[PDB]
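Inspection log for the structure reproduced underneath, given as structure tokens.
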Amino acid sequence: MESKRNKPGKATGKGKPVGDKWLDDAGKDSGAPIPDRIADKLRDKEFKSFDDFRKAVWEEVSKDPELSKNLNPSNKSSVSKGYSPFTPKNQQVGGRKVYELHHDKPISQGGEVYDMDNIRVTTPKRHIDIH
Amino acid sequence: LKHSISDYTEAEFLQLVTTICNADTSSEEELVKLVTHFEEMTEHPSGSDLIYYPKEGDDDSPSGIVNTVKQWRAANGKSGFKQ
């Protein structure tokens with residue numbers, strides 16, 4: 001019985017409508033929400049760990065014309081492999097150079113691991129500035 | 001060989017940039033490592049933006065990126081590629 005984020009579960013939640021500035025929103029407030037489009041594609045699927053869910057989110061973004069049209073060729077190559085895309089330099093911190101997925105209500109405080117309404121996308125700088 | 005940009009021939013540096021652009025790695029960690037290495041080698045102010053967030057009208061193909069790095073280092077009094 002260790003690390004809750006590594007136990008399997010099914011993805012749930014509605015996500016929210018987003019536009020062309022979805023990733024720009026990741027550097028503001030509490031970060032950007034999981035897009036409703038992505039939530040429809042992942043809902044009900046079972047994931048072995050949060051990291052596997054993370055990989056599925058980026059792979060779906062790489063196949064979504066609206067959500068990806070905002071990534072250049074090189075970033076598109078990265079998300080196509082399930083990797084998180086790089087943020088602009090001004091939003092990186094140390095070795096943290098890619099967009100991050102975090103839980104709004106922490107898992108250690110009862111937040112659900114695979115509830116997409118409990119997940120936000122943030123840049124490294126924003127996640128740091130928040131805490 | 002990978003200590004400074006003067007250790008790289010221009011063809012070798014293009015191979016590095018091409019690998020990054022195509023995300024030709026076996027893990028995200030490997031890609032981040034290469035990007036960090038690219039930043040350290042070029043010493044350019046834009047850092048990884050040269051690869052992922054090009055300026056209006058910049059050639060962001062691997063060859064375009066090498067050219068931007070080449071010109072910038074020359075114009076800023078830095079050593080260039082080997083040979």
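Residues in the structure tokens are named by chain (A, B, ... in the order shown) and by number from 1 within that chain; ligands are numbered from 1 in the order shown.
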Interface rows for chain A against chain B: nearest pair, Å to one decimal, 10 Å, only C-alpha atoms, as CSV:
residue,atom,partner,partner_atom,distance
A:71,CA,B:52,CA,7.9
A:72,CA,B:52,CA,6.2
A:73,CA,B:21,CA,7.5
A:74,CA,B:21,CA,4.6
A:75,CA,B:52,CA,6.1
A:76,CA,B:22,CA,8.9
A:77,CA,B:22,CA,5.6
A:78,CA,B:23,CA,5.4
A:79,CA,B:23,CA,9.0
A:80,CA,B:23,CA,9.0
A:81,CA,B:23,CA,7.8
A:82,CA,B:28,CA,8.6
A:83,CA,B:28,CA,5.6
A:84,CA,B:28,CA,7.7
A:85,CA,B:52,CA,9.0
A:86,CA,B:52,CA,7.2
A:87,CA,B:52,CA,8.1
A:88,CA,B:49,CA,6.0
A:89,CA,B:49,CA,6.0
A:90,CA,B:46,CA,9.0
A:92,CA,B:48,CA,9.8
A:94,CA,B:36,CA,9.7
A:95,CA,B:32,CA,8.1
A:96,CA,B:32,CA,8.8
A:97,CA,B:32,CA,7.5
A:98,CA,B:32,CA,8.6
Can you list, as a ChimeraX atom specification, all residues belonging to chain A that DSSP tags as strand (DSSP E)?
/A:9-10,32-33,46-47,100-103,119-122
Write out as number ranges by chain the set of residues from chain B that DSSP, computed on the backbone, places in helix (DSSP H, G or I).
B: 5-7, 10-21, 28-42, 49-52, 62-75
Option closest in space to residue A:70, from A:23, A:39, A:1, A:107 [counting only C-alpha atoms]:
A:23
Neighbours of stretch 7-12 of chain B within 12 Å (only C-alpha atoms; same-chain residues fewer than 2 positions away dropped), as number ranges by chain?
B: 1-5, 14-19, 38, 41-42, 62-63, 65-67, 69-70, 79-83
Selection file, N, CA and C atoms, as an mmCIF file, in the first residue's frame:
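So selection-v7.cif came out as:
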data_model
loop_
_atom_site.group_PDB
_atom_site.id
_atom_site.type_symbol
_atom_site.label_atom_id
_atom_site.label_comp_id
_atom_site.auth_asym_id
_atom_site.auth_seq_id
_atom_site.Cartn_x
_atom_site.Cartn_y
_atom_site.Cartn_z
ATOM 1 N N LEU B 1 34.123 17.067 -27.048
ATOM 2 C CA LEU B 1 33.125 16.587 -28.057
ATOM 3 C C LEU B 1 31.744 17.189 -27.788
ATOM 4 N N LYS B 2 31.440 17.382 -26.508
ATOM 5 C CA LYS B 2 30.173 17.950 -26.098
ATOM 6 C C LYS B 2 30.444 18.915 -24.961
ATOM 7 N N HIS B 3 31.661 19.450 -24.892
ATOM 8 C CA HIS B 3 31.942 20.378 -23.820
ATOM 9 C C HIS B 3 31.591 21.808 -24.227
ATOM 10 N N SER B 4 31.901 22.172 -25.465
ATOM 11 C CA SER B 4 31.596 23.512 -25.971
ATOM 12 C C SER B 4 31.251 23.427 -27.448
ATOM 13 N N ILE B 5 30.652 24.484 -27.972
ATOM 14 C CA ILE B 5 30.260 24.488 -29.370
ATOM 15 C C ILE B 5 31.482 24.421 -30.334
ATOM 16 N N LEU B 14 24.216 20.260 -36.408
ATOM 17 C CA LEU B 14 22.934 20.123 -37.106
ATOM 18 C C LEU B 14 22.309 18.762 -36.765
ATOM 19 N N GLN B 15 23.151 17.744 -36.581
ATOM 20 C CA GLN B 15 22.630 16.428 -36.224
ATOM 21 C C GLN B 15 21.950 16.516 -34.851
ATOM 22 N N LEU B 16 22.578 17.238 -33.927
ATOM 23 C CA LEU B 16 22.021 17.420 -32.589
ATOM 24 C C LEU B 16 20.672 18.151 -32.641
ATOM 25 N N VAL B 17 20.634 19.241 -33.393
ATOM 26 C CA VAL B 17 19.425 20.028 -33.514
ATOM 27 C C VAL B 17 18.331 19.203 -34.185
ATOM 28 N N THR B 18 18.701 18.440 -35.211
ATOM 29 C CA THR B 18 17.699 17.607 -35.898
ATOM 30 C C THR B 18 17.090 16.555 -34.960
ATOM 31 N N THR B 19 17.914 15.986 -34.084
ATOM 32 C CA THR B 19 17.449 14.987 -33.124
ATOM 33 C C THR B 19 16.438 15.648 -32.165
ATOM 34 N N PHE B 38 21.844 21.951 -25.527
ATOM 35 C CA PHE B 38 21.769 22.929 -26.627
ATOM 36 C C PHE B 38 21.874 24.342 -26.059
ATOM 37 N N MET B 41 25.399 25.079 -24.830
ATOM 38 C CA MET B 41 26.339 25.201 -25.945
ATOM 39 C C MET B 41 26.209 26.510 -26.700
ATOM 40 N N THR B 42 24.985 26.902 -27.008
ATOM 41 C CA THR B 42 24.792 28.122 -27.779
ATOM 42 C C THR B 42 25.040 29.396 -26.999
ATOM 43 N N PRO B 62 15.516 22.586 -38.644
ATOM 44 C CA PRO B 62 16.824 22.415 -37.996
ATOM 45 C C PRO B 62 17.929 23.269 -38.628
ATOM 46 N N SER B 63 17.961 23.344 -39.955
ATOM 47 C CA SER B 63 18.995 24.133 -40.616
ATOM 48 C C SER B 63 18.840 25.624 -40.332
ATOM 49 N N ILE B 65 17.622 26.935 -37.573
ATOM 50 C CA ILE B 65 18.089 27.127 -36.198
ATOM 51 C C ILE B 65 19.636 27.156 -36.126
ATOM 52 N N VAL B 66 20.294 26.269 -36.867
ATOM 53 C CA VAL B 66 21.759 26.268 -36.848
ATOM 54 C C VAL B 66 22.293 27.598 -37.370
ATOM 55 N N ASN B 67 21.677 28.103 -38.440
ATOM 56 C CA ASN B 67 22.076 29.371 -39.038
ATOM 57 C C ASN B 67 21.892 30.521 -38.037
ATOM 58 N N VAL B 69 21.907 30.335 -34.797
ATOM 59 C CA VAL B 69 22.944 30.176 -33.783
ATOM 60 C C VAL B 69 24.308 30.632 -34.339
ATOM 61 N N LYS B 70 24.625 30.189 -35.556
ATOM 62 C CA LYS B 70 25.898 30.529 -36.203
ATOM 63 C C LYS B 70 26.085 32.044 -36.306
ATOM 64 N N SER B 79 33.222 32.147 -29.947
ATOM 65 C CA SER B 79 33.876 31.168 -30.816
ATOM 66 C C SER B 79 32.813 30.404 -31.613
ATOM 67 N N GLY B 80 33.188 29.950 -32.804
ATOM 68 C CA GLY B 80 32.252 29.226 -33.648
ATOM 69 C C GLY B 80 32.519 27.735 -33.728
ATOM 70 N N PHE B 81 31.959 27.093 -34.748
ATOM 71 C CA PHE B 81 32.135 25.654 -34.909
ATOM 72 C C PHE B 81 33.561 25.271 -35.265
ATOM 73 N N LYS B 82 33.874 24.026 -34.941
ATOM 74 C CA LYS B 82 35.163 23.407 -35.186
ATOM 75 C C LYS B 82 35.393 23.395 -36.681
ATOM 76 N N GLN B 83 36.661 23.596 -37.043
ATOM 77 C CA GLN B 83 37.149 23.639 -38.420
ATOM 78 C C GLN B 83 37.114 25.050 -38.983
#
Residue contacts of stretch 115-121 of chain A (8 Å, only C-alpha atoms) excluding same-chain residues fewer than 4 positions away, as a list in words
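Result of the neighbour search: residues 11, 12, 13, 14, 15, 23, 26, 30, 31, 32, 33, 34, 39, 99, 100, 101, 102, 103, 104, 105 and 111 of chain A.
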